[PDB]
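Have a look below at one chain only, the form deposited in one PDB entry, in structure tokens format.
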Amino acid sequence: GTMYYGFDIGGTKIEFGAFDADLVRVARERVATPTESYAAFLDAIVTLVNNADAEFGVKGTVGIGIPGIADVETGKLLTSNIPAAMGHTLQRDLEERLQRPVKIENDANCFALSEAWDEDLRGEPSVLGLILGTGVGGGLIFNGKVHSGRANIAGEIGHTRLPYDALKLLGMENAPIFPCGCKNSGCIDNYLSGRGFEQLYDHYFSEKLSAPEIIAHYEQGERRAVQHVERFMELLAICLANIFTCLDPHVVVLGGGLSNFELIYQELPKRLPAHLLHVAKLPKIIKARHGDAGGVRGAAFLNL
């Protein structure tokens, strides 16, 4: 047998999955993420692998999804959310202990790869995963394989600046220029995310509603929320059309909180054509199938 193991590392939990040669899930496990020592963090992962190995009588492949990246030169984890593993050579430590290769990828990449491997999307020459939550996260898939990038930065679409046409819609010099955690300004991370949705409402209407609350007022017909959504759908169209002119994805999968706003799936095909090239055609744009359980699938599939 071939066996693919996947780990999704969260601040609170570690999710584990084993997948057979047909990508059928044959093991499922959730343990607390050790916040204490690094040795305990290692122990959690290593014990899960060795048990699965015994149970299935194989040496499964090992893929890991992390909220952050491994420094492409040192191997050191850059993950503010996992205190125990922050600054450790996780790949090297596990490869020594597990006597086999280990792949570690950002969760945005794992999300994308999970979606891209649905029976529906296999064969697609390219898939772009977008996560619209606290920030804008991206994962670029080409022929079923994660493009990680030179420094494991590929898909950081969130830290691209508002294009000219988006600035024009927001009023050029009068357009709000939001600060970014990357210390840059005008990043689309603070416009097209759930947080961005909120921030833009607050700027123009001087009130702090959460995204679900703005959406609720939209549904009731409130002038302000209707005006916001109209602005936002257009801004989303403009920004994505820019990214699509560069990337031309076959399929675009949306995840994270704001991906729940069903209006996006009807309004994007209507507003995109005006901003794409005349000869350009619309990608298939769907909501993510796997919600939160994608991380393990994606992690496992790093080794297909």
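Don't overthink the numbering: it's just position in the shown sequence, from 1.
The form deposited in another entry exists for this protein as well; it is not shown, and the discussion that follows is about that form.
Hinge assignment between the shown form and the other one, options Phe41, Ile69, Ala108, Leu192: the residue at the boundary between rigid parts is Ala108. Whereas the displayed form keeps them at a certain spacing, the CA atoms of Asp20 and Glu124 lie at least 3 angstroms farther apart in that other deposited form. Look at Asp53 and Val146: in that other deposited form their Cα atoms move 3 Å or more farther apart than in this form.
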